[PDB]
Amino acid sequence: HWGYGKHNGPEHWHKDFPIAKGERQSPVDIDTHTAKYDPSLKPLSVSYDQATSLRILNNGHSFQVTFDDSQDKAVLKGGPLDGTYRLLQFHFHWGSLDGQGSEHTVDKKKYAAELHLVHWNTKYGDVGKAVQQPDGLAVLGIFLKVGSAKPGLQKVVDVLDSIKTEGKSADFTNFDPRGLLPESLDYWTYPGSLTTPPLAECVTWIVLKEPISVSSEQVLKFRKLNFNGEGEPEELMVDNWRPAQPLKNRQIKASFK
Ligand SMILES: NS(=O)(=O)c1ccc(CCN(Cc2ccco2)C(=O)CN(CCC(=O)O)CCc2ccccc2)cc1
Ligand SMILES: [Zn+2]
């Protein structure tokens, strides 16, 4: 029922999910002058060498690549995190135009898209239990700007024709998510939430400072996806981003001076 349109978009979500007006909702604007360097943060550890991708799918609000999280293969540790977080899936949020699409903003600047690599804290045993914990998930957020192509994204782009409509999926094995990362792991971090219903307040956000560049042709292919299912009226999957939410009683910490 929820979506991104006028009658079911983010301004309506609170009716079914009252935590939408909660104390640690995401995304937020990152005010770079107020975020404070935290020398206590340890270096991020992104260990994706053994990642095992499974499928790519259109779920009606984004497209997502899933991973086998049956074992400690692709894991995120360090930075603000205590313990080990397993990669479950990645997906994107994007705009109808290059000047919008990201969920987080930087000094109110919106990027053309935002990649979310979703990880869960293995101390809770399974992701369903983790989403009920304030420290259950860690999402690594990476901004996309339009410029040069990202070679590591092309395998994704070239299969989107096969999952145009909600409910479609395809095999997507042997995809290496390391090809989606920027050079620098400098980041901002803050406690927040899922940015789609149920908006659970279970996420440590780690947002990389350095965007990746993708080409206009790559992002154009994102915008040809459909929110609707096959055999329904075509509604292009664009502007599937939640806007910045109030920061409230939170501090955004920087890993870098
Ligand atoms: N944009 S964001 O902030 O990065 C972002 C926004 C939403 C989510 C979804 C997180 N959630 C919650 C959810 C609930 C409904 C929809 O979603 C799940 O992952 C749920 N689920 C699917 C995992 C999978 O198979 O992928 C786990 C399976 C499970 C097992 C036992 C009991 C309950 C659930 C992730 C990132
Ligand atoms: Zn997301």
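Values below: all heavy atoms of this structure, side chains included; hydrogens, waters and symmetry mates excluded. Here, residue 1 is the first one in the sequence, and each next residue gets the next number.
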Exercise. Does a side chain donor of either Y111 or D98 reach within less than 3.5 Å of an acceptor in the other side chain?
Worked result: no
For this session: Please indicate whether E210 has more than 12 foreign heavy atoms, meaning atoms of other residues, nucleotides or ligands, lying under 6.0 Å from its CD.
Result: yes
For this session: Please name the pair of heavy atoms, one in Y37 and one in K257, separated by the smallest distance, quoted to 0.1 Å.
Result: CD1-N, 3.7 Å
Exercise. If only atom types and distance count, is the side chain of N240 paired as donor or acceptor with the main-chain N or O of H61 below 3.5 Å?
Worked result: yes
Exercise. Is the shortest distance from a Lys or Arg side-chain nitrogen in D29 or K109 to a carboxylate oxygen in the other one below 4.0 Å?
Worked result: no
Problem set entry | Plane angle bin for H12 and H7 - parallel if under 30°, tilted between 30 and 60°, otherwise perpendicular | tilted
For this session: Supply the atom-to-atom distance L140 CG to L81 CG, rounded to the nearest 0.5 angstrom.
Result: 9.5 Å
Problem set entry | Ion pair check, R86 and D69, cut-off under 4.0 Å | no
Exercise. Which atom names give the shortest non-hydrogen contact between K77 and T84, and what distance separates them?
Worked result: NZ-OG1, 3.3 Å
Exercise. According to a 4.5 Å side-chain heavy-atom criterion applied to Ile, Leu, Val, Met, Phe, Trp and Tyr, with indirect links allowed, do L180 and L54 form part of one hydrophobic cluster?
Worked result: no
Problem set entry | Separation between CD1 of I142 and CG of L115, rounded to the nearest 0.5 Å | 4.5 Å
Exercise. Any side-chain heavy atom of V214 within less than 4.5 Å of one from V157?
Worked result: no
For this session: May I ask you to check whether over 12 heavy atoms, not counting those of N174, lie within 6.0 Å of atom CG?
Result: no
Problem set entry | Linked, directly or transitively: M237 and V156 (ILVMFWY side chains, under 4.5 Å) | yes
For this session: Salt-bridge test for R242 and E103: reply yes if a basic N is under 4.0 Å from a carboxylate O, no otherwise.
Result: no
Problem set entry | Side-chain heavy-atom pair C202, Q133 within 4.5 angstrom cut-off | no
Exercise. Salt bridge or not for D49 and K73, using N-O below 4.0 Å?
Worked result: no
Exercise. For the atom pair NE2 (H91) and OG1 (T196), what is the distance rounded to the nearest 0.5 Å?
Worked result: 6.5 Å
For this session: Keeping the roles fixed (side chain from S102, backbone from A112), state whether a donor-acceptor pair exists under 3.5 Å.
Result: no
Seminar exercise, completed: All heavy atoms of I212 vs all of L181, minimum pair found to be CG2-C, 3.9 Å
Exercise. Is the NZ atom of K110 crowded by more than 12 outside heavy atoms at less than 6.0 Å?
Worked result: no
Exercise. Donor-acceptor pair, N121 side chain versus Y85 backbone, under 3.5 Å?
Worked result: no
For this session: Spell out, as yes or no, whether a donor-acceptor pair under 3.5 Å connects the side chain of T189 to the backbone of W205.
Result: yes
For this session: Step through the shown structure and confirm whether more than 12 heavy atoms of other residues, nucleotides or ligands are within 6.0 Å of NZ on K248.
Result: yes
Problem set entry | All salt bridge (charged side-chain N to carboxylate O under 4.0 Å, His left out) counterparts of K164, not counting sequence neighbours | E234
For this session: Using a 4.5 Å cut-off on heavy atoms from C-beta on, say whether the side chain of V146 contacts that of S215.
Result: no
Problem set entry | Minimal non-hydrogen separation, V203 against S193, with atom names | CG2-C, 3.6 Å
For this session: Taking atom types as modelled, find out whether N226 and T165 have a side-chain donor-acceptor pair closer than 3.5 angstrom.
Result: no
Exercise. Which is it for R55 and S169 under the side chain to side chain donor-acceptor pair (under 3.5 Å) test, yes or no, and what are the steps along the way?
Worked result: CA-CA 7 Å; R55 325 258 317 150; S169 69; 2.8 Å; yes
Exercise. Tell me, do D82 and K123 make a side-chain contact under 4.5 Å, heavy atoms counted?
Worked result: no
Problem set entry | Donor-acceptor contact present, side-chain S162 to main-chain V159, <3.5 Å | yes
Exercise. Under 3.5 Å, is there a donor-acceptor pair between the side chain of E114 and the main chain of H104?
Worked result: yes
Exercise. Is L199 reachable from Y190 through a run of I, L, V, M, F, W or Y residues, each pair having side-chain heavy atoms under 4.5 Å apart?
Worked result: no
For this session: Count the heavy atoms belonging to other residues, nucleotides or ligands that lie under 6.0 Å from NZ of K168, then report whether that count exceeds 12.
Result: no
Exercise. Counting distance only, does the side-chain N/O of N8 pair as donor-acceptor with the main-chain N or O of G5 below 3.5 Å?
Worked result: yes
Seminar exercise, completed: The reported gap from OG in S26 to CD in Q245 (rounded to nearest 0.5 angstrom) is 8.5 Å
Problem set entry | Any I163 side-chain heavy atom under 4.5 Å of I56 side chain | yes
Exercise. Do side-chain atoms of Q132 reach the backbone of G128 as a donor and acceptor pair under 3.5 angstrom?
Worked result: yes
Exercise. What are the two closest non-hydrogen atoms of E166 and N59, and how far apart are they?
Worked result: CG-C, 3.9 Å
Exercise. When hydrophobic residues are tied together by side-chain contacts of less than 4.5 Å, even through go-betweens, does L76 share a cluster with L194?
Worked result: no
For this session: Kindly check if the number of other-residue, nucleotide or ligand heavy atoms within 6.0 Å of CD (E232) is above 12?
Result: yes
Exercise. So, the side chain of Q154 versus the backbone of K150: is there a donor-acceptor pair under 3.5 Å, distance only?
Worked result: no
For this session: Please list, chain by chain and in numerical order, all residues satisfying salt bridge (charged side-chain N to carboxylate O under 4.0 Å, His left out) with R178, sequence neighbours excluded.
Result: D176
For this session: For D239 and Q100, test the side chains for any donor-to-acceptor distance below 3.5 angstrom and give the result as yes or no.
Result: yes
For this session: With the side chain counted from C-beta on, respond yes when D31 and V106 share a heavy-atom pair under 4.5 Å apart, and no when they do not.
Result: no
Seminar exercise, completed: Closest heavy-atom pair, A74 versus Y48, reported as atoms and distance to 0.1 Å, is CB-CD2, 3.7 Å
Exercise. Side chains of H119 and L88: does their closest heavy-atom pair fall under 4.5 Å?
Worked result: no
For this session: Could you name each residue pair satisfying ring-ring contact (aromatic ring centres under 6.0 Å, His included) that touches residues 227-257, not counting sequence neighbours?
Result: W188-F256
Exercise. Once you round to the nearest 0.5 Å, how far does NZ of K209 lie from OG of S255?
Worked result: 8.0 Å
For this session: Can you label the angle between the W94 ring and the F63 ring as parallel, tilted or perpendicular, going by 30° and 60°?
Result: tilted
Seminar exercise, completed: In this structure, CD1 of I30 is separated from OG1 of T32 (nearest 0.5 Å) by 9.5 Å
For this session: Taking the side chain as every heavy atom from C-beta outward, state whether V65 and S53 have any atom pair closer than 4.5 Å.
Result: yes
Exercise. Is there a side-chain contact (heavy atoms from CB on, under 4.5 Å) between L160 and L225 once you walk through the steps?
Worked result: CA-CA 7 Å; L160 293 181; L225 292 165; 4.2 Å; yes
Exercise. Has the side chain of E201 got a donor or acceptor atom that lies under 3.5 Å from a matching backbone atom of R24?
Worked result: yes
Problem set entry | Same apolar cluster (I L V M F W Y, side chains within < 4.5 Å links), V131/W120 | yes
Seminar exercise, completed: Partner of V46 under side-chain contact (heavy atoms from CB on, under 4.5 Å), picked from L208, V75, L117, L185, is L185
Exercise. So, do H93 and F222 have ring centers that fall under 6.0 Å from each other?
Worked result: no
